[PDB]
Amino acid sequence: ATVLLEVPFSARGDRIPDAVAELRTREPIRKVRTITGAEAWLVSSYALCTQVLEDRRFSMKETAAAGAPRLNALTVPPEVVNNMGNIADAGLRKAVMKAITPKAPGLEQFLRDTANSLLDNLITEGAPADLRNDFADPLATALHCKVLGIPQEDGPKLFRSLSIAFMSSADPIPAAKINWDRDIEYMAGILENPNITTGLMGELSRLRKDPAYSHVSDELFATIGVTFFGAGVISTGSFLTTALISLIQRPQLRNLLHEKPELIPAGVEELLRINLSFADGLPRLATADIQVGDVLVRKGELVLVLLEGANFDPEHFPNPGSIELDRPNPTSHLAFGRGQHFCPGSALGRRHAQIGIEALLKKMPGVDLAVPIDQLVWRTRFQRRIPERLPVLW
């Protein structure tokens, strides 16, 4: 007697388990047990992942309903599971999205300067260097302080909430509420601070005093700051970190992108496609009975969209494990999701990774792991796959 297949399969973010392909072939939607003990449907083919993400009857807000089968415990107030919907309902979607493009004057130059300064410090200190804690994460944190318009010196404290905020836990996490409430208070003070005039928080501070938004709650304005900092920093930092591993493990690609930096955008798009940063499938709750492949998903059931199931599906991406810069469908991956909840920071995430990689390859053309790959320590029970340290030499 075996137990019901448990998710997630592996916290390792440097390789996809052979099991994913077997599962996609045999049972591209199948029943699994989550860490809470709930049952869920795991969807692992490109076709079925797209179907679920493009059908709004598979709801992200309803995953927060009391009594629902859960992938993991909430780490935010339940209304925040509907964050983007709340933002849209408040009339703020266009302004938020405009503030988080990489297009603001000087933003890309600030990113490049920051990356180069972080790399110069590592070179001065001497190998080995930790590219996660001393490059990718500080680069993400600095970027998001700039995008939000908040002081750079406030970044590290906000960042240190994230090792708990993005936990994937069976039970509620007391520290998550402590940090959430403190970070909300911080963002509320930012909105009241007359010196905060730029970035997302500068724009929200103005809209807050505009008569067209006089009934939007102060809680929502502060929540936008906390959530966009947290989601953005964790997602860009974790993606860049594991992209660097995939690049370092491919010396020929490292050398090609160093020699021909104009290929870095195509390279980053493939690194996005093969990325294992999301540790769990994307959760949705069925709000009706819906046929998905051979399974009639019933109202109230949990569905998990396995991004690497879609992105490594050979029926859509032939030779899926190979980085190929000339694919005919290069952005059609699901690394940024799809449908109603498509990532609003996708352009910023691309530019963060492109600039970080460009700077690394210029400063450290000889970059290589300083430990055997199996020695990386993969964070467990977390919503991203992250090596705790990424030791390199050059």
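Residue indices: 1-based, along the sequence shown.
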query	finding
Selected stretch [higher average CA B-factor]: 90-98 or 168-176	90-98
Segment of higher mean CA temperature factor, 109-117 or 308-316	109-117
Candidate residues 19, 376, 370, 11, the one whose C-alpha B factor the record puts highest	19
Identity of residue with top Cα B-factor, from 248, 188, 276, 240	248
Ranked against its chain, the third holding the CA B-factor of residue 70	lowest
For residue 335, the third of its chain into which the C-alpha B factor falls	lowest
Chain thirds of CA B-factor: placement of residue 39	lowest
Third of chain Cα B-factors occupied by residue 343	lowest
Cα B factor band for residue 364 (lowest, middle or highest third within the chain)	highest
